[PDB]
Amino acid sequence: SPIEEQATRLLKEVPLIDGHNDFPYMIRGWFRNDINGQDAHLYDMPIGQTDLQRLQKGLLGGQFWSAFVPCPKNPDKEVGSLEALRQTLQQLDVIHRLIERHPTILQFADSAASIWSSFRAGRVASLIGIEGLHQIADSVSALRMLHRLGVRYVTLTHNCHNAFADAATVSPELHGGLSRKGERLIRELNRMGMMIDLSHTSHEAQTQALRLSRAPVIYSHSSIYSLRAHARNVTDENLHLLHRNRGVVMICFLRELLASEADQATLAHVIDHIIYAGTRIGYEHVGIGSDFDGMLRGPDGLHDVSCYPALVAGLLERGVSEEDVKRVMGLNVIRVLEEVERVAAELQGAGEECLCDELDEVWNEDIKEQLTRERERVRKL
């Protein structure tokens, strides 16, 4: 078919970069992060919507792999919060090991340049995002270390309120958008060069974040509220504020977010959502954010990671231009990452102060006096 031949050409010319895939959590569920001698299964998985053979088959150019861990359920909130931090390091560890053990397929990327170099070499650009600020255990120091471990976006919440922002699905509201700590964290996220992800956050938290952020943000996996009213989808108000922000809405394949009856959801519905956003806020502010492996079953025609060529072909069939399809595929999210890094370099170049954690005093006045007395003795020498 001419249209399928065109879709294949686009997928080789420009990387399709998906905003969110939970394959690392499936590895934790199935293998418990022990992938030694499991290549036969990693290439052909007995569960889930992602494996390394189907990943090649769908011609995906890049992927933000999710380092998600669940919201803490422990009655002791200090334990649960700290447990989430350790689990985050476990998920970052298995992602890095997955990439390093399969270097012909996957190549780690943390920038626009590293995405392109991976794509030129014929590998899936493998980026990392965490899904919720519960994962950092109220530590901005930990967050900067997660950035150093390769995390390039942070979803502000998952399905739980945290100290920084409100989640969409939980009620009643705690902060009513962002907290004062949340507002201050937006500045730090912009300064360090971390992409803000507004998926899973409340409508009011999106509005506040979209006005406050000095860099473009993303929705890593959210769809359109006007087509399907859901707390997880993006309102027309926030779509416009995303345009002013210069951000990108990466459209989700979650059936609940595409149709009132989940079993009615299709590839056509995903294309409707992409075209709605592209028509109203321009095709330079729309992306693809599957949420593959964050669901049991996908829409008809988008059952797994092998189905991306049907999405590219489907967009071309509806009359979206090649250049606009290339934008939706990956150029837009590359631009956002590039601009986030530019803003960070600008703010770091200007010598902006970093956000520090509130630490306990480890020395009393007796120890501090001993140290100052000792220093003075050394000055006498």
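In case it trips you up, residue 1 is the first one in the sequence shown, and so on.
S.K.: Can you tell me which stretch has the higher mean Cα B-factor, 265-273 or 169-177?
M.R.: That would be 169-177.
S.K.: Going by the average Cα B-factor in the PDB entry, point out whether 355-363 or 17-25 comes out higher.
M.R.: Comparing 355-363 with 17-25, the higher mean C-alpha B-factor belongs to 355-363.
S.K.: Whose C-alpha has the highest temperature factor in the PDB entry: 147, 221, 285, 73?
M.R.: Result of the comparison over 147, 221, 285, 73: 73.
S.K.: Would you mind finding, among 91, 81, 107, 235, the residue with the largest C-alpha temperature factor in the entry?
M.R.: Out of 91, 81, 107, 235, the record gives the largest C-alpha B-factor to 81.
S.K.: Is residue 164 in the lowest, middle or highest third of its chain when residues are ranked by C-alpha B-factor?
M.R.: It belongs to the highest third of the chain when residues are ordered by C-alpha B-factor.
S.K.: How does residue 100 rank on Cα B-factor within its chain, lowest, middle or highest third?
M.R.: For residue 100, whose C-alpha B-factor we compare with every modelled residue in the chain, the answer is the middle third.
S.K.: Which third, lowest, middle or highest, does the CA B-factor of residue 51 fall in along this chain?
M.R.: Residue 51: CA B-factor falls in the lowest third of its chain.
S.K.: Can you work out whether the C-alpha temperature factor of residue 343 puts it in the lowest, middle or highest third of the chain?
M.R.: Its C-alpha B-factor, which the entry lists for residue 343, ranks in the middle third among residues of this chain.
S.K.: By the recorded C-alpha temperature factor, relative to the other modelled residues in its chain, which third is residue 62 in?
M.R.: It belongs to the lowest third of the chain when residues are ordered by C-alpha B-factor.
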